[PDB]
Structure formats: structure tokens, C-alpha cells
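**Q** Attaching a single structure in C-alpha cells format; questions to follow.
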Amino acid sequence: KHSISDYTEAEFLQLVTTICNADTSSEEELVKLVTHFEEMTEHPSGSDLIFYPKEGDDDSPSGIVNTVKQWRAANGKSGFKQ
Amino acid sequence: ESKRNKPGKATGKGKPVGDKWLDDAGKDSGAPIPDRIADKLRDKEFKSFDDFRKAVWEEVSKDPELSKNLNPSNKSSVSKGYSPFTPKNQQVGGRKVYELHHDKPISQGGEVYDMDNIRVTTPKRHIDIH
Ligand SMILES: [Zn+2]
């Protein structure tokens with residue numbers, strides 16, 4: 001998992017879901033996942049995509065994935081595997 | 001090698017807060033412990049300051065007036081006693097979540113578990129204070 005193109009959309013959705021549900025054994029683990037998420041997406045909003053959605057943005061796991069997918073598409077970046 | 005790890009009972013009143021409670025965390029001395037949380041934690045014994053920290057965020061999760069101002073993701077965090085994530089612009093590197101701060105420092109005789117001596121801060125504001 002070195003870049004977002006290493007992830008299928010479905011795999012990425014699993015990562016996002018884990019973060020949204022705080023589905024980790026420690027806070028330290030969760031913070032590391034959030035950091036990884038920010039590194040994968042390369043999105044200017046960072047963890048705000050997960051925790052501080054812009055008004056109208058869907059902050060469910062699928063909503064966050066779509067936002068990331070659309071942003072990467074619109075901004076010249078490679079996408080998910082497959 | 002610490003004082004924060006000695007058991008103690010929580011004391012203190014806290015202060016009334018509103019919807020901008022956590023907005024206050026990135027300003028000044030940070031946001032107070034809500035009076036509502038102080039009422040729930042008063043007289044409880046904690047084995048370490050970290051255990052106290054966990055209890056604060058669990059009480060936040062349980063309090064509709066406080067939790068209503070966290071999004072679904074941050075709600076999941078506080079339900080586990082995790083500290084909620086701050087806005088990106090208040091984070092500093094690997095420090096991404098609200099930090100509890102002692103207004104009179106413990107290293108200077110400040111009280112560890114007196115909620116009137118505790119503040120909620122963002123990483124950026126906490127670093128600047130110290
Ligand atoms: Zn401090």
C-alpha cells in the first residue's frame with residue numbers, strides 16, 4: 001500500500017470505513033491510518049475529508065471515497081486499481 | 001518517571017460551554033472542561049491522567065450537547081474514549097487530536113485531576129502555550 005493506485009476502490013473503502021468507525025485497538029493505530037489516508041489521497045483537506053466535511057459533502061465512508069475519487073480524477077492524479 | 005501516572009480523584013467545577021466549545025480549544029489557554037462533564041467525573045478515582053482523559057471523551061460521547069458538534073467519524077472516536085481529531089490546520093505533524101492541558105503545570109505543583117486546572121487544546125495551540 002504505497003500509493004492509492006495500489007488500492008482497488010473496494011479496498012480503499014475498507015480503509016476509510018475502518019477510520020470512520022474508529023475500528024482500531026488504540027488511538028495510535030487510528031492516527032497512523034489517518035496519516036496513511038492523507039498520504040494516499042494527496043487531497044489538500046487532509047483528515048478534514050473524514051472529520052470536517054465541507055457543507056453538503058457526504059461524510060459516510062462511501063461519500064468520502066467518492067469525493068477522493070472525483071478529486072483525483074479532476075486534478076490529474078492516477079486512480080484506483082482496475 | 002512521571003506524576004501524571006499516580007492515581008487520584010477528580011475535583012473541580014468546570015465552566016458552561018456552548019457549540020463553539022472545541023473552537024475555543026485553539027485559542028488562549030484552551031477551552032475549559034464543561035461543567036456538565038465535571039459533574040459526571042467529580043469524585044471518581046483515576047489510576048492515571050490518561051485514564052482521566054479516556055473518561056472525559058467517553059462523557060463527551062454520552063452528552064448530546066457536546067457530541068452533537070462532532071461528525072459521525074469523530075463520534076466513533078470519542079465513543080471509544082479516543083480524543084477527537086482537530087481540523088487539519090490545528091494539527092502539528094503526528095499530533096492530530098485534542099490534547100488536555102494543565103493551566104498551572106504539574107511540573108510546577110499544578111493539580112493533576114482538578115478540572116478547573118484542565119483545558120482542552122489543539123496541538124498547535126498546546127505547543128504554542130508551552
Ligand atoms: Zn500543557
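In the C-alpha cells, chains take the letters A, B, ... in the order shown, each chain's residues start at 1, and ligands count up from 1 in the order shown.
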As a list in words, please: all residues of stretch 66-128 of chain B that backbone DSSP puts in helix (DSSP H, G or I).
**A**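 Helix (DSSP H, G or I) members of stretch 66-128 of chain B, listed: residues 66, 67, 72, 73, 74, 75, 76, 77, 78, 79, 88, 89, 90, 106, 107, 108, 115, 116, 117, 123, 124, 125, 126, 127 and 128 of chain B.
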**Q** Can those selected residues be exported to a file as a PDB file, in the first residue's frame so that it contains C-alpha atoms?
**A**
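Generated output (part_22.pdb):
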ATOM      1  CA  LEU B  66     -21.299  18.155  23.332  1.00  0.00           C
ATOM      2  CA  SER B  67     -21.363  15.217  20.895  1.00  0.00           C
ATOM      3  CA  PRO B  72     -20.034  10.674  12.661  1.00  0.00           C
ATOM      4  CA  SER B  73     -16.308   9.812  12.435  1.00  0.00           C
ATOM      5  CA  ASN B  74     -15.358  11.845  15.474  1.00  0.00           C
ATOM      6  CA  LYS B  75     -18.358  10.399  17.337  1.00  0.00           C
ATOM      7  CA  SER B  76     -16.936   6.899  16.711  1.00  0.00           C
ATOM      8  CA  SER B  77     -13.613   8.051  18.164  1.00  0.00           C
ATOM      9  CA  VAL B  78     -14.987   9.576  21.372  1.00  0.00           C
ATOM     10  CA  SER B  79     -17.256   6.540  21.901  1.00  0.00           C
ATOM     11  CA  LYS B  88      -6.180  19.872   9.805  1.00  0.00           C
ATOM     12  CA  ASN B  89      -4.982  23.439  10.348  1.00  0.00           C
ATOM     13  CA  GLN B  90      -4.768  22.914  14.100  1.00  0.00           C
ATOM     14  CA  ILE B 106       2.007  19.779  37.057  1.00  0.00           C
ATOM     15  CA  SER B 107       5.811  20.206  36.971  1.00  0.00           C
ATOM     16  CA  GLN B 108       5.130  23.429  38.895  1.00  0.00           C
ATOM     17  CA  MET B 115     -10.813  20.011  36.256  1.00  0.00           C
ATOM     18  CA  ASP B 116     -10.540  23.735  36.981  1.00  0.00           C
ATOM     19  CA  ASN B 117      -6.863  23.324  36.157  1.00  0.00           C
ATOM     20  CA  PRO B 123      -1.883  20.505  19.128  1.00  0.00           C
ATOM     21  CA  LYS B 124      -0.979  23.853  17.521  1.00  0.00           C
ATOM     22  CA  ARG B 125      -2.267  25.887  20.489  1.00  0.00           C
ATOM     23  CA  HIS B 126      -0.780  23.467  23.095  1.00  0.00           C
ATOM     24  CA  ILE B 127       2.718  23.643  21.589  1.00  0.00           C
ATOM     25  CA  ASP B 128       2.491  27.456  21.459  1.00  0.00           C
TER      26      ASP B 128
END
**Q** Define the interface residues of chain A facing chain B as those within 9 Å, counting only C-alpha atoms, and report them as a PyMOL selection string.
**A** chain A and resi 19-23+26-27+30-32+35+45-48+50-53+59-60
**Q** Which residues come within 6 Å of stretch 26-38 of chain B, counting only C-alpha atoms, excluding same-chain residues fewer than 2 positions away, as a PyMOL selection string?
**A** chain B and resi 13-17+24+40-42+119-122+125
**Q** Keeping only N, CA, C and O atoms, take the residues you just selected and write them out as a PDB file, in the first residue's frame.
**A**
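Now in selection24.pdb:
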ATOM      1  N   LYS B  13     -15.101  22.286  39.162  1.00  0.00           N
ATOM      2  CA  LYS B  13     -16.452  22.644  38.721  1.00  0.00           C
ATOM      3  C   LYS B  13     -16.619  22.662  37.203  1.00  0.00           C
ATOM      4  O   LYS B  13     -17.724  22.407  36.695  1.00  0.00           O
ATOM      5  N   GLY B  14     -15.544  23.016  36.517  1.00  0.00           N
ATOM      6  CA  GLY B  14     -15.604  23.334  35.079  1.00  0.00           C
ATOM      7  C   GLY B  14     -16.438  24.585  34.817  1.00  0.00           C
ATOM      8  O   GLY B  14     -16.725  25.387  35.729  1.00  0.00           O
ATOM      9  N   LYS B  15     -16.817  24.785  33.560  1.00  0.00           N
ATOM     10  CA  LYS B  15     -17.473  26.041  33.193  1.00  0.00           C
ATOM     11  C   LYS B  15     -18.547  25.735  32.148  1.00  0.00           C
ATOM     12  O   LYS B  15     -18.420  24.749  31.427  1.00  0.00           O
ATOM     13  N   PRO B  16     -19.580  26.577  32.060  1.00  0.00           N
ATOM     14  CA  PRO B  16     -20.572  26.418  30.994  1.00  0.00           C
ATOM     15  C   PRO B  16     -19.904  26.580  29.621  1.00  0.00           C
ATOM     16  O   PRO B  16     -19.054  27.450  29.438  1.00  0.00           O
ATOM     17  N   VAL B  17     -20.252  25.712  28.679  1.00  0.00           N
ATOM     18  CA  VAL B  17     -19.755  25.827  27.303  1.00  0.00           C
ATOM     19  C   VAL B  17     -20.934  25.739  26.362  1.00  0.00           C
ATOM     20  O   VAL B  17     -22.037  25.346  26.771  1.00  0.00           O
ATOM     21  N   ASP B  24     -12.893  26.999  20.781  1.00  0.00           N
ATOM     22  CA  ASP B  24     -12.123  27.655  21.856  1.00  0.00           C
ATOM     23  C   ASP B  24     -10.781  26.961  22.160  1.00  0.00           C
ATOM     24  O   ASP B  24      -9.845  27.596  22.615  1.00  0.00           O
ATOM     25  N   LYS B  40     -20.105  14.790  36.068  1.00  0.00           N
ATOM     26  CA  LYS B  40     -20.075  13.339  35.903  1.00  0.00           C
ATOM     27  C   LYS B  40     -18.804  12.665  36.395  1.00  0.00           C
ATOM     28  O   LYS B  40     -18.835  11.499  36.806  1.00  0.00           O
ATOM     29  N   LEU B  41     -17.702  13.403  36.370  1.00  0.00           N
ATOM     30  CA  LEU B  41     -16.409  12.834  36.758  1.00  0.00           C
ATOM     31  C   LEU B  41     -15.964  13.141  38.179  1.00  0.00           C
ATOM     32  O   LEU B  41     -15.057  12.470  38.700  1.00  0.00           O
ATOM     33  N   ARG B  42     -16.583  14.146  38.799  1.00  0.00           N
ATOM     34  CA  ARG B  42     -16.246  14.529  40.167  1.00  0.00           C
ATOM     35  C   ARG B  42     -16.285  13.332  41.106  1.00  0.00           C
ATOM     36  O   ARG B  42     -17.243  12.566  41.093  1.00  0.00           O
ATOM     37  N   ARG B 119      -7.581  22.113  30.612  1.00  0.00           N
ATOM     38  CA  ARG B 119      -8.119  22.798  29.419  1.00  0.00           C
ATOM     39  C   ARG B 119      -8.005  21.833  28.270  1.00  0.00           C
ATOM     40  O   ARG B 119      -7.138  20.921  28.274  1.00  0.00           O
ATOM     41  N   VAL B 120      -8.883  22.004  27.291  1.00  0.00           N
ATOM     42  CA  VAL B 120      -8.787  21.238  26.061  1.00  0.00           C
ATOM     43  C   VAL B 120      -8.102  22.141  25.054  1.00  0.00           C
ATOM     44  O   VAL B 120      -8.502  23.300  24.896  1.00  0.00           O
ATOM     45  N   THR B 121      -7.076  21.625  24.389  1.00  0.00           N
ATOM     46  CA  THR B 121      -6.320  22.420  23.414  1.00  0.00           C
ATOM     47  C   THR B 121      -6.166  21.676  22.105  1.00  0.00           C
ATOM     48  O   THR B 121      -6.266  20.434  22.065  1.00  0.00           O
ATOM     49  N   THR B 122      -5.907  22.415  21.012  1.00  0.00           N
ATOM     50  CA  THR B 122      -5.461  21.743  19.782  1.00  0.00           C
ATOM     51  C   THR B 122      -3.942  21.571  19.893  1.00  0.00           C
ATOM     52  O   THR B 122      -3.297  22.283  20.672  1.00  0.00           O
ATOM     53  N   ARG B 125      -2.153  24.962  19.360  1.00  0.00           N
ATOM     54  CA  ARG B 125      -2.267  25.887  20.489  1.00  0.00           C
ATOM     55  C   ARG B 125      -1.462  25.375  21.703  1.00  0.00           C
ATOM     56  O   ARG B 125      -0.805  26.155  22.391  1.00  0.00           O
TER      57      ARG B 125
END
**Q** Any idea what's packed within 9 Å of residue B:9, counting only C-alpha atoms, ignoring anything in its chain fewer than 4 positions away? Could you give it as a PDB file with N, CA and C atoms, in the first residue's frame?
**A**
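Saved to selection-v4.pdb:
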ATOM      1  N   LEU B  41     -17.702  13.403  36.370  1.00  0.00           N
ATOM      2  CA  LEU B  41     -16.409  12.834  36.758  1.00  0.00           C
ATOM      3  C   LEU B  41     -15.964  13.141  38.179  1.00  0.00           C
ATOM      4  N   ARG B  42     -16.583  14.146  38.799  1.00  0.00           N
ATOM      5  CA  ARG B  42     -16.246  14.529  40.167  1.00  0.00           C
ATOM      6  C   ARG B  42     -16.285  13.332  41.106  1.00  0.00           C
ATOM      7  N   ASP B  43     -15.239  13.211  41.924  1.00  0.00           N
ATOM      8  CA  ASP B  43     -15.144  12.179  42.988  1.00  0.00           C
ATOM      9  C   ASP B  43     -14.840  10.777  42.475  1.00  0.00           C
ATOM     10  N   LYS B  44     -14.773  10.591  41.156  1.00  0.00           N
ATOM     11  CA  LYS B  44     -14.313   9.315  40.611  1.00  0.00           C
ATOM     12  C   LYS B  44     -12.788   9.181  40.751  1.00  0.00           C
ATOM     13  N   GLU B  45     -12.302   7.968  41.026  1.00  0.00           N
ATOM     14  CA  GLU B  45     -10.865   7.755  41.137  1.00  0.00           C
ATOM     15  C   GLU B  45     -10.310   7.294  39.789  1.00  0.00           C
ATOM     16  N   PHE B  46      -9.183   7.875  39.399  1.00  0.00           N
ATOM     17  CA  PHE B  46      -8.473   7.542  38.156  1.00  0.00           C
ATOM     18  C   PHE B  46      -7.082   7.033  38.478  1.00  0.00           C
ATOM     19  N   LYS B  47      -6.658   5.975  37.784  1.00  0.00           N
ATOM     20  CA  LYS B  47      -5.339   5.391  38.004  1.00  0.00           C
ATOM     21  C   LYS B  47      -4.185   6.173  37.365  1.00  0.00           C
ATOM     22  N   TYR B 113      -5.702  16.317  38.584  1.00  0.00           N
ATOM     23  CA  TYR B 113      -7.084  15.900  38.337  1.00  0.00           C
ATOM     24  C   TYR B 113      -8.128  16.933  38.746  1.00  0.00           C
ATOM     25  N   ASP B 114      -7.692  18.149  39.024  1.00  0.00           N
ATOM     26  CA  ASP B 114      -8.625  19.237  39.274  1.00  0.00           C
ATOM     27  C   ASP B 114      -9.026  19.817  37.913  1.00  0.00           C
TER      28      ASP B 114
END
**Q** For the atom pair atom CA of residue B:111 and atom CA of residue B:53, what is the interatomic distance in Å to one decimal place?
**A**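 Those two atoms sit 14.5 Å apart.
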